[PDB]
Structure formats: structure tokens, C-alpha cells
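To start, the structure under review is shown below, and the notes come after it.
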Ligand SMILES: *[C@@H]1O[C@H](CO)[C@@H](O[C@@H]2O[C@H](CO)[C@@H](O[C@@H]3O[C@H](CO[C@H]4O[C@H](CO)[C@@H](O)[C@H](O[C@H]5O[C@H](CO)[C@@H](O)[C@H](O)[C@@H]5O[C@H]5O[C@H](CO)[C@@H](O)[C@H](O)[C@@H]5O)[C@@H]4O)[C@@H](O)[C@H](O[C@H]4O[C@H](CO)[C@@H](O)[C@H](O)[C@@H]4O[C@H]4O[C@H](CO)[C@@H](O)[C@H](O)[C@@H]4O)[C@@H]3O)[C@H](O)[C@H]2NC(C)=O)[C@H](O)[C@H]1NC(C)=O
Ligand SMILES: Cc1nnn(Cc2cc(C(F)(F)F)ccc2CCC(=O)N2CCN(c3ccc(S(N)(=O)=O)cc3F)CC2)n1
Ligand SMILES: [Ca+2]
Ligand SMILES: [Ca+2]
Ligand SMILES: [Cl-]
Ligand code: NA
Ligand code: NA
Ligand SMILES: [Zn+2]
């Protein structure tokens, strides 16, 4: 019930919410059908439109008008945004030259520069260049302030997950808005864009910026706008709140535009019909900036211009139908479109089987335009699994396509020419970031970054402590003139042991063999120095990784590589080696094919054994430092130490051996040397965080040797490739991956072909940030470089995407 006979007189766009049944006058009352009877008349005035004209200048105030051009409008804070231009000979903000804002220039009574977030739906990154001729105000923000060539959204690249990620700094698996449509099996309730379930607070986790602000004493405008409120009235409302008295005035505001997304779905991302929505959005930015200029706030407020996701060409004919693959199509529920999520239609059917659905959807048609995954197998960079609202079975849809359950779903629903939701590394899905104001830098371009980082920066802009989130605070310090956050590196929790030679060969009973009994004081002191760390500066270039949890591990040195060997997991946590551009690849010699050698620094009890692999018919082994890249025949024996061995499915060994034999030397050639850190990851509860021992679900049969869910590598070189990786004076360059450790290559449809045709494609799909690996291992890399810590945090958030420009 709403008692809609209250009044909005003196309450239009009130900031505090009034509870049912009393009627509301806030910017969300329409969406709840709860506005007072006189909300339209009082709060949504339209008379005489949105612009002053010469003949209105100096008019007698008429309270009916949408906005005013009477002499008293400046002190009332309700002039039309163009009032000073039409009536007082002033210029539009866009016509003024840009001039560096070195210090905030704020009216007295302003405690801090306000922040205005101007959010645009479906604004594809490339619109900034391609539409620049019809967007002069946006182009002035971009060229005079701080801009990125693009900003990466979160997956799925849909509105609700992304706007709420912008507001919280959280991945959708953590904040709970994992799609525009969701079923929660614990609530037994469905969330949809249409209707009332979405307003229930139980769906929305984390802490959005307006709550962070309010908890810390910083007042916030209400961020949400009902769709029927015209944009001109939204801008006027913001400008009116900015005229409130000091103690009542908010410091943070949001504007939202449904465009250009609305027209992009109808016309495609570059339909000729898209020029006018871009012009209209630019005009709205111009009203805001003119309005700030009237209030003397145009060199006081920080403005962020930001989008939720881009837009791709998608039409009805590019739809795959599950009815062309599955026999049982009526036994499933599909969430369809630019991603798929599948679950059982009925929980009472125990002849539903995910294994059979996946197999029926795998590589079944030559050009197939989607790929099925159990969610724990999705690329870890998507961070899309740890939530009960994410169905176990997921379809990753190719850009430009849809999936649907049956043809009748698509013609009983062609209209549309645009859509979005695909993998967040797809170029068409990228969106925009510009920051302009006293706290942002002047005429500065910054590299692309992820939208999960912005909440921390918005908190820095407002002097707030951010709630715990998934940004890396400090990684965006290079966007800011001041208010930077100066983090300190985490403290190491476990210090390593440095074992020497402590065991005789006969103490080991591992079932391993090696033909190594090939028997010099010159060369002998030398090999002793290598085991004590004499080449360590060449192979460990950025210091040893720090171990941020409690565990027992050993540093082991070798001529060609250094490792941190876990006595608990029986294998290295990390293995670090440098490969110069001059390095040569060699074979594994015949007599060494099955060689595994006890390591006399590490007890039998803290070693793997060969018998376990012999007996486990599913599981084989590989090595972390590759024997192919040994510096000499004699050094190569170190690569067969049992402390360099790790468990690998034979199907995974295909991928790993090709990476190590072919790709590393390719990278060294191209990048002028590389330093590689490789290791295992265990994430059996798919939470993106390092597993403890009692979470491990699989061991090499009959043993305590844990099986990794993934293998990573971090591949670092000099950004100035004219300097070799091991003698780099300035910034670094990194690419990394987290490969899933699977017992088949069903993910790669062309895996019967030579590895040259499919392995690197797989690795690109599983590209990762160094920070993703940090979460999954509890290790902290790049501890000892020449570089500032914020620069290193930016390097750790980099993702190498393998998209063109
Ligand atoms: C990205 O950043 C985020 C934020 O930093 C990281 O997420 C944090 O990760 C921590 C570990 O996974 C986690 O800390 C746990 O908190 C538990 C208390 O939880 C409530 O309180 C917080 C704070 O206000 C709150 O935000 C939580 O919100 C979640 O849950 C509600 C729904 O109930 C949602 O609305 C909301 O969206 C959010 O859901 C997400 O997180 C949960 C897990 O908390 C998932 O289940 C969801 O799928 C979704 O992703 C809560 O309201 C606390 O209980 C935990 O302690 C347990 O484990 C420790 C080990 O130290 C042990 O001492 C205890 O025994 C205890 O276990 C007991 O319970 C078990 C379960 O019943 C049981 O098995 C045992 O036998 C025991 O009885 C733990 O400290 C923190 O909640 C989240 N925060 C958020 C906001 O998500 C995230 O990791 C980052 N991601 C990456 C990749 O880095
Ligand atoms: C979601 C979400 N999370 N946080 N916020 C708040 C937020 C955060 C941020 C920012 F600062 F974070 F950037 C910036 C702006 C906003 C306000 C967004 C807003 O006013 N709307 C209401 C209209 N919405 C909407 C879209 C489409 C349809 S449909 N399918 O029926 O056409 C129905 C809808 F209700 C989009 C959200 N929105
Ligand atoms: Ca959107
Ligand atoms: Ca885990
Ligand atoms: Cl969805
Ligand atoms: Na085996
Ligand atoms: Na295959
Ligand atoms: Zn859309």
C-alpha cells in the first residue's frame, strides 16, 4: 500500500527515503509506483523547456517553468543551464580554452571537491575517437583531463553486474549481481530487470560507494534515476542539490544515461542512427558543465565520465540452438543470449546429468559459435564461479552470436542489431573512462585498466576508506595529481630454509632411476657455488617471491634456476629462471628420458616418489624448469631432480611440453630475453584463493602428492626491448597465464592437430594478471626492483589480452 494523498510540496527530489505507506518524492518514487499525487505537477515541470532565450532574460519569476531566467535564479540555484550564456554574455564551458586546474578553486563552505560520476550505458570505447567530431564537450573532458584509451568491464558484460562492480570494487561473484537475470536456489527466488524482486536488499552484497560515503560522514546524492525522468531534469536536480546549504549538500553524485545502449541494441554499434544519441549525450555533458560553470564549480568538482560495457553487432540469424544438440532440451532451463547458463528444469528429475549435457555440447559442429564449460573450468581471469547463483554449466558465446534453447524463443520473443555480454577481453565490449578536475592529472593518457579498480580511486577522491574489495589500491595512483594512496608491501609471513647437502643417495627409496653415474677440482668448486646461489642474480631478477601465509619451504639453487620448494605440498610453490635471447634449445638425451634424481638437500619424507606415478594410470609428471633449456649437458641433470617434478595428466603434458620446448624460446627471441616464474595452483573450491591442505580433492593415487588444478607462468622482460631482460634499467613488461590442469583437451576442438595449431590459442584464452596468481598462491612477486611500488602494482594488474587495437 501507498497513501498517495501526502504532498511533495518543498520535498522535490528529497534525499532521505520515507518508508511505506507514506508517499515519496525521491528520484526513485516512479519505479516503486509510490510518488505523491502532486509529484508530476511540482517536481517534473516542463513548461517552456530547458533553455533560456533572449526574451526570457530578466523575466518575472514564474514558478511553473521547468527552469528560470529571472534575475533571482542564480541565488535560487535553478537557472536553465545556459542562463549566463544567453543573458549575461558568458561563453559555454566547451568554448573556453583548457587551463590546468592546479589547485581546487571552490566557493567558500566547500569542505572538499565534490565528485560527479556521469555514467553512460553501452558506451563503446571506440566511440571516443570515432564520434569525437560530434561530441565536443566529451572531447574537451578527454583531451584536457586524464583518460584511458579504454576501460575493461567485468564479465558478463551486462549493465547490472557492471554498474554494481563500478559502485563496489567487487567481482560479480562476490557482490552477487552475477547477471541481469538470476535464480537463487537458497532463496528460491528469481531476479529480473522487470519487476519488484530486484529491489529486495538480499541480492545486493558488498558496500557500494554511496553507503561507504554515508557511513563515514560524507553525504551522497541518490544514484538511481527512474527512466521517465528526462535527462535535463536529472542534471537540474544535481545542480540544485549542489546549491543546498553546506551542512545539507552532498559531496558525491551520479548521473545515468540509458543511451547510447538503447539505440545500439536497435541499430548496431555504428549504425548511422547512432550519431544523434552521441550528440544528445554530449549536449547533456555540456548542460552539466555550463551549470557547474554558473555555480563557480567548474574548477572545483571532479567529474568521471565512465561506461558500463560496449556494444557488438549481433542479429537474430546468428543464433545457435541447443535443440540442435541436445535430445532432452525440455529438461533444461537456459539463461540465453550472449552467454548461456544451464540448470535442470526440475530438481525432481534424477535422470538429468551435467556430464552428458556438456559432452553433447562439445565440439559437435565444425563452426560451432559457443563453447561449454563447467564453471570451475572457465578462464580464471573471468572470476566467474564462486556464487550459488552462477549455474554449474556455462556457455561462452563467440562475439557476434547468440545462444537460445529452441528457434521459437527467437521469433516468439528480426528486430535488433546490437548486443553485449561477451567475454570481457573482447574489443567491442570495452568501454570508457575520463576523469577531469583538480584531483585528476592534466592532459594525461593512462594505460587501459579494469573497472574493479575505480571504487578505490572514488574513495581516494572523497577522502574515504574503501570497504574490502577486489581492486589493488595504489595501482591507479598515476591517474591522480594528489590524494594518492601510498601502500606498503605486505610483510613476508614464512621465511625459507636454505638446506645444504644432508642426505645420502641410499637413504631414498623412491622407485626412481637415472643413468647419471658419469664421473675435477676446477669445475667442482664451481658447481658448489651454483648450489649456494652464485647465478641467483641472473635467474631471480626481481627478488624472491614472499610467502604470505604460514608454511614450511626451502630455497633451492641451481645453475639454471632457483625454486621455493614446499615441504607440505611436496613440490615448488614457484620456480624462477631467465632465458636470454641467445639461449639454445636442446633435446632430452636418450639415456635421460625417464631420469628422476633424488635431491640430497631434501629428506626422502618430504620428496615425491616415482612409484606413485608408475601406479597411477591416469597421471604422469612434468618439470617446472624445462630440461630443454639447460645451459649445458652437465647442468641438465639438475632439471631431473625430484624437487623440480610436478604431477601432470598426459593430455596436459602436450600443452606444457610445447610451451617449454617452443614458446619460451620464442618469447625470449621476441622480447630480448625473458624471466619466467612457473608453479602449481590449487583452487578446488574455485574461490580464486589459494587452497589450504584440507581442501585438496585429488592426490596422485596412493600418495600424499596433491594434484594442482592449474599451472601458471609469469613471463617478465624489459619494456624497452633494446635492453635484455637481465640488464633492464626502467619499466618492465609482463604477460602471464593460469592454464587449467585438465585430463583431456576437450576445450581445444583442434587438439588432434600439431600443438602449433592450438596450444598458444589455449594459452591466450587463459591469460592472467600477476595479481590473479598472487591470490591463487599467497605469494607476492616483484619485491626487489628499481621501480616505485605503485608502478609495480600497476604492472601486477596488467592483463595481456591478445586483441588487436
Ligand atoms: C574479492 O574481494 C572480496 C572482499 O574482500 C573477497 O571476499 C571476501 O573473502 C573472504 C573469504 O572467501 C570472506 O571472509 C569470510 O567472511 C564470512 C562472513 O561473511 C559475511 O560477512 C561479510 C562482511 O560484512 C560479508 O560481506 C559477507 O557477504 C557475502 O555473503 C552474502 C550472502 O550471505 C552476500 O550478500 C554477499 O554477496 C557475499 O557473498 C559472497 O561471499 C561468500 C563468502 O562470505 C560466498 O559464499 C558467496 O558465494 C559470494 O561470493 C557475509 O554476509 C566468514 O564466515 C568466513 O569465516 C569462515 O572461514 C574461516 C577461515 O578463516 C573460519 O575461521 C570459520 O570457521 C568460518 O567457517 C565457518 O563457516 C563455513 C560455511 O558455513 C563452514 O564450512 C565452517 O565449518 C565454519 O562454521 C570468512 O572470513 C568475505 O566474506 C568475502 N567478502 C565478500 C564481500 O565477498 C574475495 O575473496 C575477493 N576475491 C579475490 C579472488 O581475491
Ligand atoms: C545496477 C546498479 N548498481 N548500482 N547502480 C547505481 C549506479 C552506479 C553508478 C556507478 F557509480 F557505480 F558508476 C552509476 C549510476 C548508477 C545509477 C544507475 C541507474 O539509475 N539505473 C536505474 C535504471 N537501470 C535499469 C536499466 C535498464 C532497465 S530495462 N532492462 O528494464 O531497460 C531497467 C533498469 F532499472 C540502470 C540503473 N546501478
Ligand atoms: Ca548497460
Ligand atoms: Ca581456493
Ligand atoms: Cl544475464
Ligand atoms: Na602414471
Ligand atoms: Na580436443
Ligand atoms: Zn544493453
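Start at 1 and count along the chain as shown; that gives each residue its number.
Determined by X-ray crystallography, 1.6 Å, according to the entry header.
The backbone N, Cα and C atoms fix where each Cβ goes, and this holds for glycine too.
The feature disulfide bond is assigned by Swiss-Prot to 8-25, 12-43, 23-36, 29-35, 52-69, 57-87, 73-79, 98-144, 316-414, 363-749, 514-595, 718-728 (among others). Feature annotation from Swiss-Prot assigns domain 'SMB 2' to 48-92. What Swiss-Prot lists as Zn(2+) 1 binding site is 121, 159, 308, 309, and the listing cites experimental evidence. The feature N-linked glycosylation site is assigned by Swiss-Prot to 348, 470, 750. Per Swiss-Prot, the feature Ca(2+) binding site maps to 683, 685, 687, 689, 691.
Here the features listed in Swiss-Prot are painted onto the structure.
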| residue | record | Cβ contacts under 8 Å, 6 or more apart |
| --- | --- | --- |
| 35 | disulfide bond | 4, 8, 23, 24, 25, 29 |
| 73 | disulfide bond | 61, 67, 79, 80, 83 |
| 98 | disulfide bond | 140, 143, 144, 443 |
| 159 | Zn(2+) 1 binding site | 121, 180, 261, 308, 309 |
| 348 | N-linked glycosylation site | none |
| 470 | N-linked glycosylation site | 169, 170, 171, 174, 383, 452 |
| 514 | disulfide bond | 592, 595, 596, 597, 637, 640 |
| 683 | Ca(2+) binding site | 380, 689, 690, 691, 709, 710, 776 |
| 687 | Ca(2+) binding site | 386 |
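Note on the domain 'SMB 2' (48-92): residues 232-233, 235-236, 239-240, 242-243, 286-288, 290-291, 293-295 of its chain, located 6 or more positions outside it, place their CB under 8 angstroms from a CB of the stretch. Cβ packing within 10 Å was compared across the disulfide-bonded residues 43, 52, 69, 144, and the lowest neighbour count falls to 144. The distance from the Cα of residue 57 (disulfide bond) to the Cα of residue 69 (disulfide bond) comes to 5 Å. Each of the disulfide-bonded residues 79, 595 was ranked by the number of other C-beta atoms within 10 Å, and first place falls to 79. Around residue 121 (Zn(2+) 1 binding site), a 10 Å sphere centred on its CB holds 22 further CB atoms from the protein chains shown. A Cβ within 8 Å of the Cβ centre of 121, 159, 308, 309, the residues given for Zn(2+) 1, is found for these other residues of the same chain: 122, 153, 157, 158, 162, 163, 261, 307, 420, 431. The recorded positions shown are 52, 363, 685, 750; of these, the one with its CA atom nearest the CA of residue 414 (disulfide bond) is 363.
The 6 Å Cβ screen around ligand 3 retains 121, 159, 308 from the recorded positions 12, 121, 159, 308, 470, 687, ordered by sequence position. You'll find the Cα of residue 36 (disulfide bond) roughly 64 Å from the Cα of residue 718 (disulfide bond).
Highlighted in sequence order, 386, 682, 684, 686, 688, 690, 695, 776 have their Cβ within 8 Å of the centre of the Cβ atoms of 683, 685, 687, 689, 691, the residues recorded for Ca(2+), and are not part of that set. DSSP gives residue 159 (Zn(2+) 1 binding site) a helix state. Here residue 749 (disulfide bond) comes close to 363, 368: these same-chain residues lie at least six apart in sequence, with C-beta atoms under 8 angstroms from its C-beta. A Cβ distance below 6 Å to any atom of ligand 4 is met, among the recorded positions 52, 57, 683, 685, by 683, 685. The DSSP secondary structure for residue 29 (disulfide bond) is helix.
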